[PDB]
Amino acid sequence: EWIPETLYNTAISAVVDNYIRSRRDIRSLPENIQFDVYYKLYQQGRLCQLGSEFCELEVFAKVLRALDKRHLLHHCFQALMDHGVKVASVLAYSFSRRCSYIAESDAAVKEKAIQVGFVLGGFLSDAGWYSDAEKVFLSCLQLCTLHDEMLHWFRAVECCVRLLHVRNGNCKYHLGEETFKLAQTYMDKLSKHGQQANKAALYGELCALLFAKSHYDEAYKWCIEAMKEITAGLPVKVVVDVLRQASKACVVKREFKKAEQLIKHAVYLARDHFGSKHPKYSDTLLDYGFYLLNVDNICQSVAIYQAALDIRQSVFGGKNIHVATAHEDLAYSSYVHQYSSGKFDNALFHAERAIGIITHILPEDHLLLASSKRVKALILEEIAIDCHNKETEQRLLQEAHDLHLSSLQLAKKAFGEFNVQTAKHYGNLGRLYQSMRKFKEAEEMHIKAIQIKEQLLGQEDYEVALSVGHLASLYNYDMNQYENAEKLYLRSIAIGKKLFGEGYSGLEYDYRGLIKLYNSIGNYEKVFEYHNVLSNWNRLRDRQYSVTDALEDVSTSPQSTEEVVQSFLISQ
Amino acid sequence: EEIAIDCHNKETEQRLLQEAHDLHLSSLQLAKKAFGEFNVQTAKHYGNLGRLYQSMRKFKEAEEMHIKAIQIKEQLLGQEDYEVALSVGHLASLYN
Amino acid sequence: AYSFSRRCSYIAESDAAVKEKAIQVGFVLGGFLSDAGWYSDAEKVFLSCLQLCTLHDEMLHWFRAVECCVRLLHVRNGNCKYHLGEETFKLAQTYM
Amino acid sequence: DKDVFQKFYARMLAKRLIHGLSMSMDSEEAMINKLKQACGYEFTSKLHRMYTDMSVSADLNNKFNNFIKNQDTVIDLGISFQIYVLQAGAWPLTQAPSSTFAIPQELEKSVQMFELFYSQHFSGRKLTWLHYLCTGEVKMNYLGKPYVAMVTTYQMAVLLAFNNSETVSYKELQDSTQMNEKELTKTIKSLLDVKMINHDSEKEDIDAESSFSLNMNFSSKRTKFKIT
Amino acid sequence: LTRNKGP
Amino acid sequence: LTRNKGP
Amino acid sequence: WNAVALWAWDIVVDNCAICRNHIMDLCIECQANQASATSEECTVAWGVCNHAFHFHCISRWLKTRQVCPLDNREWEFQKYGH
Amino acid sequence: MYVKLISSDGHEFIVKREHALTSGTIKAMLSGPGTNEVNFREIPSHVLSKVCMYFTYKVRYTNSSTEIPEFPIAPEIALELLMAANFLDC
Amino acid sequence: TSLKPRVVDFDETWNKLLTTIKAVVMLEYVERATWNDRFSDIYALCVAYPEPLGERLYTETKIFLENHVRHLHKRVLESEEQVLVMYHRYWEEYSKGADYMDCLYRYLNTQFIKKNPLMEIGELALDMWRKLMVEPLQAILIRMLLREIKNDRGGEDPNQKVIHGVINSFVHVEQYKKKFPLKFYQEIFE
Amino acid sequence: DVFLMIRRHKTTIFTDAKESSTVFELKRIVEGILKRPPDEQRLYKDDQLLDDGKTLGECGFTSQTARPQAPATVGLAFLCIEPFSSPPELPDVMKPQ
Ligand SMILES: [Zn+2]
Ligand SMILES: [Zn+2]
Ligand SMILES: [Zn+2]
């Protein structure tokens, strides 16, 4: 019934309770006991006594080497950051002071101050404090760039590839290409001396840099190189990241046959090495849910964001950007999944939460608020149009207008006026005005979205198809231009059937719109024909519910890494 | 409920009445688990549920709630008492 | 409360002067927590004081067990532990 | 304190109802109904469920006998299987069943087939079997006169091993039943009170070493009797 | 209106 | 329900 | 063979988290008004998240919020009792 | 049946084998090459006395059905005993 | 002295530990007081200041292990027509030494190996035995096993301990592989 | 039950003698590990001699006094029991330096 408490744990409780008399003698304990003492300080509620101990780099370097007990550390560190203790900023400042002091010392000491820098920067990047890990990585970069011998070149390149990651996640993409050029020079002068370095880790970061910049055509060409650079001896971290970014790049190029091959292998590999409750496996699941959302398999996609959030929400505490991105992704898939049903209380909860987290841990202006404030605005549209009260949905329209304008301003400041993300914001704001009774500039915003997307993406993607269908519903349902919307509806249906089979979920909103268009201008024969094919589409979608979840889809050991990489390269 | 009674919107009234339903049933469960079935506070929650049922147009079991509250109030606290008077006032308002 | 209970469990097997000091510290601390509203965190202090009162059956411990049992009863009515309140009061009558 | 009286009554009503002894089911219904109007429905909420479970018992058994006849394959239990399901949240017979059990193939067919019937008749309900209240009338005919005795399933496991083979060691008995060791001392002691099994061993205290054998010299005044 | 205050 | 999901 | 079998719902949570009552007892709705009127139909309903609640409570819960009370997932029934 | 343990201060502590098997590494102390002799050059007498008392506390209170009282590890002997608890895997 | 971390010199304690490890792997004899001293040193090496020396200790214990297995494999090579009988006794001695090595490195096996790839010290011995000695001579050591068991049906019975002490040797060298308790033994011999 | 320790100037004997057993059983326990007859050696609680037929239960070895957490100490003479080498003292914190 009752099991006696371990003597080790009882001594930990005794040492913690005797904290004031022995607060500094704990720092002399082995790094195994130190983590347990500090975890007992966290568990007992002594967050104020623990913040003063994790804000010291001397203490935090020893507690960071408990690699087995890291999932607790991520949940303690976050517990302090929610507590009000700026542990990340103080650790970054302490490392900056340390590197500025030890810059001119011996290179052996500088090498030790780099390994401590790498683990601390990697932790702060894993925890989601990218801006606070930017300072640590820059400080380590200065140390490894002061010298020029063969030993520090590899450290410099590793710090550059790690430093590119903390800039992509921080939405500091304008420094991303500068850091890539810096690492390009470093590896170019590596190639001069004979020693060769792996480029897969570096290229996979550009695969996210250009993807977030919506340079999909260039991101694909870089992910080809990234998958070519995969070797047998790479760590599973690098391989999982490369496969994940390759899947993300292949989705937007509409190459879904091989994107699944990469993402399922990435999911299996991350689940095999790291585990089912690991933050990197949560990242892999989050991008797997992105893939499944972009293949019209939404029923299997909302169950993966919920699986990817539950890993991040249990590891990274309450108010973290990793939890925030999981919410804003889940608030979009639950938006799409419940779009026909109309149940947007769950999707709004994950939308108000992500905004409530980013607005607390990130400044008032930041590109990560562009995606979070857009999604909540999308849920605010569908609740409003389905609301029984009109004065309440008027205010909902007003708040959605404010959110779309804020997200559009952030996107325009980040990139400009002719970007794919800004085209998406234009289309969303025109879709808003379609219910806000502001049609005359709604059509202008839709046209702007179409031309911006066609200039970059072209006419072989469904991203243009959503805007085409939105403009077609604009003309058909309110603007009364019935004749010119028929070609837009036909374009939407044709390009939807081109990619997502005959059961694309967006074809219902085109069919029931074009039938309404025809029911006012005659030609009842095509009305009957589309009523005939709409039942076929309904039964096709009903048969294609895909009750099997994606965890059973990825299975266990489909193939090794070599087969996947060679298949992807031969397919190209 | 009193905001729901004193508002014109049907959807808002329904939502707030359901919220008050949840709160009253949870409070009744807490009182029933702590004190018991036959006690004054459980009868308070029974009378509140009766008033709420009268507000949610469910008059069938509002009467059941009101006699259920009265039979516990007048038993423990005597036939003539303040809360017995309040509960029979709610019952009379429900009737007439 | 945890620190006080652990320290009392440690110094239970000591002389009456240190136990008097510990009971005074527990009285002021538990009275503060009961005044602050941390009744669940004030029972532990008061239960530790009451435990300190039972090791020796002298006059002063018998006198202060009633004080621990009346302050323990107050942190159990505000915490709605009415089932434990009757047991605490029976113990209070035992010492009284 | 009427509530503590219910605890004495509910346990004592449980013993009365499931053993088949009662003046009448109407008197049991009238007693619980009269307590309902004297102390409230919540006082007799569990007791009224106990009587209702016996009402369902007739309705459950005949449907089970209807189920065994509406079977694609010919399935026969071979015993007069009488069952009644009991609500776990009302009856006080739960206690702490810390002793596992493994019935042999005589009743394994009956217990297994009833699960298929009960899972399809009622959805989401799992069956927990109180093996130490199950009393069965087994054909006792290994000796010259076919005596009839009332034994429990706990007593049946010891007896069934002896029905097939008259010489069974205690070491095999304590492992085949897969149940607690301290109660096995009094399990077979009750059988030796009526002399079901000879004390083949020489030690007065019954232990693991004491291998036993059945009694060919057993005689009873009545053909049908209950072993206490 | 229509009733008295809640107990 | 007239439009499609937001892009 | 006279045998005794305790039937119970195979939920291990054994508490309706909406009404805080036991999963085997009647819900707070069936113990308040329908206790003396009609209390035999108070069954439990599961969900995709595998969190069973009293069917009256979860339908009472679904009238305002359509998520599972314990974990904020979309609520869809998968199994009833009858 | 009994095993004796030597502190760094020369003290000898004799405890039953079943009590001493609670520690993870005392099992390895009794394993390998062959009353068994066990010596610690680091562990002093007071912390080893505390560990030996914890053995009797652990075995007696193992899988008990009552409220197990907490082992009184005194505040002054807390870190030296915590180091011993980690090393002994006790 | 106490159990605190100190700045211990790795070379001298490594030289002290090598004699005991050598006395363990061939199962000759170890002084029990010296064994307790080796425990007291295996603790202090894993928690040494400023940087723990568990990594260096592991990566040098594996070097000692691999050169020991290489020397014994050369001994197997030079012993013509007696590979199996000598293999049985050497494998028994090595397995007992590996168990005593797992006991010897208990603290390193539960505070640094489990923290991280790396393998358990007791499981590293068997793994190195099968991946450094068995791999060069997997074909030769099995042809005689099949010939002896076939000759038993043919009349020439083999010795009991010679043939039964190797059929379980393949079983024991995959104990750490919990996913393959017997897969390797079935595929290469049976 | 009674848990107590038996010390002879450098040792400590951890026993589990019940309240029923008297001094003779502990003498046999000591003989089982130290090989000394009860006639040769006698135990000393504090500075008092225990009769062999006198049960330890009335010798102050109650359950609440001799729990396994802090077992009772008895001296063994074949006293001068060496102290346990008490751990270093801690600063009193509130002591003014
Ligand atoms: Zn409920
Ligand atoms: Zn109900
Ligand atoms: Zn749920």
# chains A, B, ... in the order shown; residues from 1 in each chain; ligands from 1
>>> residues_near_ligand(ligand="ligand 2", cutoff="6 Å", atoms="only C-alpha atoms and all ligand atoms", output="JSON, numbers by chain")
{"G": [26, 27, 29, 30, 42, 56]}
>>> residues_near_ligand(ligand="ligand 3", cutoff="9 Å", atoms="only C-alpha atoms and all ligand atoms", output="VMD selection string")
chain G and resid 46 to 52 67 to 75
>>> residues_near_ligand(ligand="ligand 1", cutoff="10 Å", atoms="only C-alpha atoms and all ligand atoms", output="PDB file with C-alpha atoms, in the first residue's frame")
ATOM      1  CA  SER B  26     -22.461  21.837  -9.172  1.00  0.00           C
TER       2      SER B  26
ATOM      3  CA  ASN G  15     -16.082   9.876 -11.437  1.00  0.00           C
ATOM      4  CA  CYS G  16     -18.186  11.969 -13.808  1.00  0.00           C
ATOM      5  CA  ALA G  17     -15.951  15.040 -13.974  1.00  0.00           C
ATOM      6  CA  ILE G  18     -18.893  17.289 -14.901  1.00  0.00           C
ATOM      7  CA  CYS G  19     -21.138  16.474 -11.930  1.00  0.00           C
ATOM      8  CA  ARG G  20     -18.350  15.182  -9.620  1.00  0.00           C
ATOM      9  CA  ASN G  21     -20.498  12.174  -8.673  1.00  0.00           C
ATOM     10  CA  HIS G  22     -19.543   8.520  -8.946  1.00  0.00           C
ATOM     11  CA  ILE G  23     -19.698   7.139 -12.472  1.00  0.00           C
ATOM     12  CA  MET G  24     -21.988   4.334 -11.272  1.00  0.00           C
ATOM     13  CA  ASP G  25     -24.387   6.490  -9.248  1.00  0.00           C
ATOM     14  CA  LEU G  26     -27.052   8.686 -10.792  1.00  0.00           C
ATOM     15  CA  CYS G  27     -25.999  12.079 -12.076  1.00  0.00           C
ATOM     16  CA  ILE G  28     -26.758  15.291 -10.222  1.00  0.00           C
ATOM     17  CA  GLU G  29     -29.722  15.848 -12.549  1.00  0.00           C
ATOM     18  CA  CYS G  30     -31.189  12.397 -11.841  1.00  0.00           C
ATOM     19  CA  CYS G  42     -28.956   7.614 -16.363  1.00  0.00           C
ATOM     20  CA  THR G  43     -26.321   5.831 -18.433  1.00  0.00           C
ATOM     21  CA  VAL G  44     -22.798   6.916 -19.380  1.00  0.00           C
ATOM     22  CA  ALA G  52     -16.830   8.622 -20.127  1.00  0.00           C
ATOM     23  CA  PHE G  53     -19.364  10.890 -18.437  1.00  0.00           C
ATOM     24  CA  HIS G  54     -22.994  10.593 -17.423  1.00  0.00           C
ATOM     25  CA  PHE G  55     -24.990  10.958 -20.627  1.00  0.00           C
ATOM     26  CA  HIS G  56     -27.242  13.578 -19.045  1.00  0.00           C
ATOM     27  CA  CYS G  57     -24.203  15.506 -17.784  1.00  0.00           C
ATOM     28  CA  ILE G  58     -22.286  15.455 -21.062  1.00  0.00           C
ATOM     29  CA  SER G  59     -25.421  16.510 -22.959  1.00  0.00           C
ATOM     30  CA  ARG G  60     -25.867  19.162 -20.267  1.00  0.00           C
ATOM     31  CA  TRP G  61     -22.212  20.072 -20.823  1.00  0.00           C
TER      32      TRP G  61
END
>>> atom_distance(atom1="CA of residue 83 in chain H", atom2="CA of residue 27 in chain A")
12.7 Å
>>> residues_around(residues="residue 60 in chain A", least_positions_apart="6", cutoff="9 Å", atoms="only C-alpha atoms", output="PyMOL selection string")
chain A and resi 53-54+91+120
>>> write_last_selection(atoms="N, CA, C and O atoms", output="PDB file, in the first residue's frame")
ATOM      1  N   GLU A  53      19.207  30.767  -8.497  1.00  0.00           N
ATOM      2  CA  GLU A  53      20.208  29.739  -8.748  1.00  0.00           C
ATOM      3  C   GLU A  53      20.346  29.373 -10.217  1.00  0.00           C
ATOM      4  O   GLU A  53      21.441  29.003 -10.646  1.00  0.00           O
ATOM      5  N   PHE A  54      19.273  29.455 -10.997  1.00  0.00           N
ATOM      6  CA  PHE A  54      19.384  29.214 -12.428  1.00  0.00           C
ATOM      7  C   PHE A  54      19.746  30.461 -13.220  1.00  0.00           C
ATOM      8  O   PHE A  54      20.006  30.354 -14.422  1.00  0.00           O
ATOM      9  N   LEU A  91      21.062  34.764 -18.141  1.00  0.00           N
ATOM     10  CA  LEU A  91      22.070  33.808 -18.591  1.00  0.00           C
ATOM     11  C   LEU A  91      22.791  34.305 -19.839  1.00  0.00           C
ATOM     12  O   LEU A  91      24.007  34.122 -19.972  1.00  0.00           O
ATOM     13  N   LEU A 120      24.362  25.790 -23.660  1.00  0.00           N
ATOM     14  CA  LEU A 120      23.426  26.802 -23.183  1.00  0.00           C
ATOM     15  C   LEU A 120      22.622  27.399 -24.333  1.00  0.00           C
ATOM     16  O   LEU A 120      21.407  27.595 -24.213  1.00  0.00           O
TER      17      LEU A 120
END
>>> atom_distance(atom1="CA of residue 43 in chain B", atom2="CA of residue 20 in chain B")
16.8 Å
>>> residues_around(residues="residue 74 in chain H", least_positions_apart="2", cutoff="10 Å", atoms="only C-alpha atoms", output="list in words")
residues 11, 14, 15 and 18 of chain A; 6, 7, 10 and 11 of chain C; 50, 71, 72, 76, 77, 78, 79 and 81 of chain H
>>> write_last_selection(atoms="N, CA and C atoms", output="PDB file, in the first residue's frame")
ATOM      1  N   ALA A  11      16.866  12.621   1.927  1.00  0.00           N
ATOM      2  CA  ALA A  11      17.980  13.543   2.117  1.00  0.00           C
ATOM      3  C   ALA A  11      17.827  14.783   1.246  1.00  0.00           C
ATOM      4  N   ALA A  14      15.579  16.899   3.013  1.00  0.00           N
ATOM      5  CA  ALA A  14      16.268  17.471   4.165  1.00  0.00           C
ATOM      6  C   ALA A  14      17.254  18.557   3.755  1.00  0.00           C
ATOM      7  N   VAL A  15      17.962  18.359   2.642  1.00  0.00           N
ATOM      8  CA  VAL A  15      18.923  19.356   2.180  1.00  0.00           C
ATOM      9  C   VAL A  15      18.205  20.608   1.696  1.00  0.00           C
ATOM     10  N   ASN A  18      16.854  22.511   4.642  1.00  0.00           N
ATOM     11  CA  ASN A  18      18.027  23.193   5.180  1.00  0.00           C
ATOM     12  C   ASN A  18      18.740  23.985   4.090  1.00  0.00           C
TER      13      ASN A  18
ATOM     14  N   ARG C   6       8.376  19.485   9.627  1.00  0.00           N
ATOM     15  CA  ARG C   6       9.594  18.687   9.592  1.00  0.00           C
ATOM     16  C   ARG C   6      10.473  18.972  10.806  1.00  0.00           C
ATOM     17  N   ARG C   7      10.622  20.248  11.162  1.00  0.00           N
ATOM     18  CA  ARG C   7      11.433  20.607  12.318  1.00  0.00           C
ATOM     19  C   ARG C   7      10.815  20.130  13.627  1.00  0.00           C
ATOM     20  N   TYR C  10      11.482  16.569  13.993  1.00  0.00           N
ATOM     21  CA  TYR C  10      12.868  16.413  14.417  1.00  0.00           C
ATOM     22  C   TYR C  10      13.083  16.674  15.905  1.00  0.00           C
ATOM     23  N   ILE C  11      12.499  17.741  16.447  1.00  0.00           N
ATOM     24  CA  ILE C  11      12.821  18.151  17.813  1.00  0.00           C
ATOM     25  C   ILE C  11      11.760  17.661  18.789  1.00  0.00           C
TER      26      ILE C  11
ATOM     27  N   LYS H  50      23.504   6.416   9.960  1.00  0.00           N
ATOM     28  CA  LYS H  50      22.203   6.844   9.454  1.00  0.00           C
ATOM     29  C   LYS H  50      21.706   5.917   8.349  1.00  0.00           C
ATOM     30  N   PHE H  71      11.767   9.440   7.501  1.00  0.00           N
ATOM     31  CA  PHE H  71      13.052   9.163   8.135  1.00  0.00           C
ATOM     32  C   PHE H  71      13.683  10.455   8.635  1.00  0.00           C
ATOM     33  N   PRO H  72      14.001  10.569   9.924  1.00  0.00           N
ATOM     34  CA  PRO H  72      14.533  11.835  10.451  1.00  0.00           C
ATOM     35  C   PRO H  72      15.996  12.079  10.114  1.00  0.00           C
ATOM     36  N   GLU H  76      22.014  18.961  10.187  1.00  0.00           N
ATOM     37  CA  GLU H  76      23.469  19.044  10.100  1.00  0.00           C
ATOM     38  C   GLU H  76      24.046  17.872   9.311  1.00  0.00           C
ATOM     39  N   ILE H  77      23.530  16.667   9.530  1.00  0.00           N
ATOM     40  CA  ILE H  77      23.906  15.503   8.712  1.00  0.00           C
ATOM     41  C   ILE H  77      22.868  15.409   7.597  1.00  0.00           C
ATOM     42  N   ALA H  78      23.040  16.252   6.580  1.00  0.00           N
ATOM     43  CA  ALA H  78      22.106  16.221   5.461  1.00  0.00           C
ATOM     44  C   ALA H  78      22.820  16.063   4.128  1.00  0.00           C
ATOM     45  N   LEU H  79      23.892  16.826   3.918  1.00  0.00           N
ATOM     46  CA  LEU H  79      24.587  16.762   2.637  1.00  0.00           C
ATOM     47  C   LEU H  79      25.585  15.615   2.609  1.00  0.00           C
ATOM     48  N   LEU H  81      25.131  12.879   4.200  1.00  0.00           N
ATOM     49  CA  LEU H  81      24.282  11.706   4.037  1.00  0.00           C
ATOM     50  C   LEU H  81      23.674  11.642   2.642  1.00  0.00           C
TER      51      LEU H  81
END
>>> select_by_dssp(residues="range 2-226 of chain D", states="alpha helix (DSSP H)", output="count of residues only")
105
>>> residues_around(residues="residue 428 in chain A", least_positions_apart="4", cutoff="8 Å", atoms="only C-alpha atoms", output="list in words")
residues 378, 404, 424 and 432 of chain A; 6 and 7 of chain F
>>> write_last_selection(atoms="C-alpha atoms", output="tab-separated table (two decimals), in the first residue's frame")
chain	number	residue	atom	x	y	z
A	378	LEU	CA	-10.47	33.58	-39.15
A	404	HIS	CA	-6.26	41.41	-40.16
A	424	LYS	CA	-2.72	35.38	-48.15
A	432	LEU	CA	-13.58	39.38	-44.34
F	6	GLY	CA	-9.08	31.00	-45.04
F	7	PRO	CA	-5.71	30.47	-46.76
>>> closest_atom_pairs(of="chain H", to="chain I", cutoff="7 Å", atoms="only C-alpha atoms", output="tab-separated table")
residue	atom	partner	partner_atom	distance
H:25	CA	I:106	CA	6.6
H:28	CA	I:103	CA	4.9
H:29	CA	I:36	CA	6.8
H:32	CA	I:100	CA	5.1
H:33	CA	I:30	CA	5.8
H:34	CA	I:32	CA	6.6
H:38	CA	I:36	CA	6.4
H:39	CA	I:36	CA	5.7
H:40	CA	I:40	CA	6.5
H:41	CA	I:40	CA	6.7
H:42	CA	I:2	CA	4.4
H:43	CA	I:2	CA	6.2
H:83	CA	I:3	CA	6.2
H:87	CA	I:43	CA	6.8
>>> write_last_selection(atoms="C-alpha atoms", output="mmCIF file, in the first residue's frame")
data_model
loop_
_atom_site.group_PDB
_atom_site.id
_atom_site.type_symbol
_atom_site.label_atom_id
_atom_site.label_comp_id
_atom_site.auth_asym_id
_atom_site.auth_seq_id
_atom_site.Cartn_x
_atom_site.Cartn_y
_atom_site.Cartn_z
ATOM 1 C CA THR H 25 25.865 -0.845 -4.761
ATOM 2 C CA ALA H 28 27.895 -5.266 -5.798
ATOM 3 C CA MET H 29 29.997 -4.891 -2.640
ATOM 4 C CA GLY H 32 32.427 -10.254 -7.090
ATOM 5 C CA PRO H 33 35.325 -11.720 -5.125
ATOM 6 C CA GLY H 34 34.538 -13.370 -1.812
ATOM 7 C CA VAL H 38 32.892 -4.003 3.281
ATOM 8 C CA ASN H 39 35.051 -0.879 3.568
ATOM 9 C CA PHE H 40 34.432 2.760 2.650
ATOM 10 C CA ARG H 41 37.387 5.135 2.624
ATOM 11 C CA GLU H 42 35.093 8.162 2.168
ATOM 12 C CA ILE H 43 31.996 7.425 4.287
ATOM 13 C CA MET H 83 26.304 12.077 -0.884
ATOM 14 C CA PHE H 87 26.967 6.661 -3.730
#
>>> interface_residues(of="chain J", to="chain H", cutoff="10 Å", atoms="only C-alpha atoms", output="ChimeraX atom specification")
/J:1,3-16,32-33,67-71,82-91
>>> atom_distance(atom1="CA of residue 184 in chain A", atom2="CA of residue 155 in chain A")
14.2 Å
>>> select_by_dssp(residues="chain J", states="strand (DSSP E or B)", output="NGL selection string")
:J and (4-7 or 13-14 or 22 or 42-45 or 48-49 or 55 or 72-77)
>>> residues_around(residues="residue 93 in chain B", least_positions_apart="3", cutoff="8 Å", atoms="only C-alpha atoms", output="JSON, numbers by chain")
{"B": [89, 90, 96], "E": [2, 3]}
>>> residues_around(residues="range 38-53 of chain C", least_positions_apart="6", cutoff="7 Å", atoms="only C-alpha atoms", output="list in words")
residues 1, 4, 5, 8, 12, 19, 23, 26, 30, 61, 62, 64, 65, 68, 72, 75, 76, 78 and 79 of chain C
>>> interface_residues(of="chain A", to="chain H", cutoff="9 Å", atoms="only C-alpha atoms", output="ChimeraX atom specification")
/A:1-12,14-15,17-18,21-22,25-26,29-30,32-33
>>> closest_atom_pairs(of="chain I", to="chain A", cutoff="9 Å", atoms="only C-alpha atoms", output="JSON lines")
{"residue": "I:4", "atom": "CA", "partner": "A:29", "partner_atom": "CA", "distance": 6.7}
{"residue": "I:5", "atom": "CA", "partner": "A:30", "partner_atom": "CA", "distance": 6.7}
{"residue": "I:47", "atom": "CA", "partner": "A:30", "partner_atom": "CA", "distance": 5.8}
{"residue": "I:48", "atom": "CA", "partner": "A:30", "partner_atom": "CA", "distance": 8.4}
{"residue": "I:49", "atom": "CA", "partner": "A:30", "partner_atom": "CA", "distance": 8.8}
{"residue": "I:52", "atom": "CA", "partner": "A:30", "partner_atom": "CA", "distance": 8.8}
{"residue": "I:111", "atom": "CA", "partner": "A:32", "partner_atom": "CA", "distance": 7.4}
{"residue": "I:114", "atom": "CA", "partner": "A:68", "partner_atom": "CA", "distance": 7.3}
{"residue": "I:115", "atom": "CA", "partner": "A:68", "partner_atom": "CA", "distance": 4.5}
{"residue": "I:116", "atom": "CA", "partner": "A:68", "partner_atom": "CA", "distance": 6.5}
>>> write_last_selection(atoms="N, CA and C atoms", output="short mmCIF file (atom, residue, chain, number, x, y, z; two decimals), in the first residue's frame")
data_model
loop_
_atom_site.label_atom_id
_atom_site.label_comp_id
_atom_site.auth_asym_id
_atom_site.auth_seq_id
_atom_site.Cartn_x
_atom_site.Cartn_y
_atom_site.Cartn_z
N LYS I 4 32.96 14.21 -1.28
CA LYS I 4 32.85 15.41 -2.10
C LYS I 4 33.64 15.24 -3.39
N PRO I 5 33.27 15.97 -4.44
CA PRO I 5 34.13 16.05 -5.62
C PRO I 5 35.47 16.69 -5.29
N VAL I 47 32.55 11.63 -10.48
CA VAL I 47 32.14 12.93 -9.98
C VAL I 47 33.33 13.86 -9.78
N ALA I 48 34.42 13.63 -10.49
CA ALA I 48 35.63 14.43 -10.33
C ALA I 48 35.40 15.86 -10.80
N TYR I 49 36.07 16.80 -10.13
CA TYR I 49 36.08 18.24 -10.33
C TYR I 49 37.28 18.66 -11.17
N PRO I 52 33.60 16.08 -14.76
CA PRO I 52 33.53 14.65 -14.44
C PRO I 52 34.33 13.82 -15.43
N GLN I 111 24.81 6.34 -13.45
CA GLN I 111 24.81 7.79 -13.36
C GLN I 111 25.40 8.48 -14.58
N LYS I 114 23.43 5.55 -18.25
CA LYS I 114 22.00 5.75 -18.37
C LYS I 114 21.65 7.20 -18.68
N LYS I 115 22.56 8.14 -18.41
CA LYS I 115 22.30 9.54 -18.73
C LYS I 115 22.40 9.79 -20.22
N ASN I 116 23.06 8.89 -20.95
CA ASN I 116 23.22 9.04 -22.39
C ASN I 116 22.68 7.82 -23.13
#
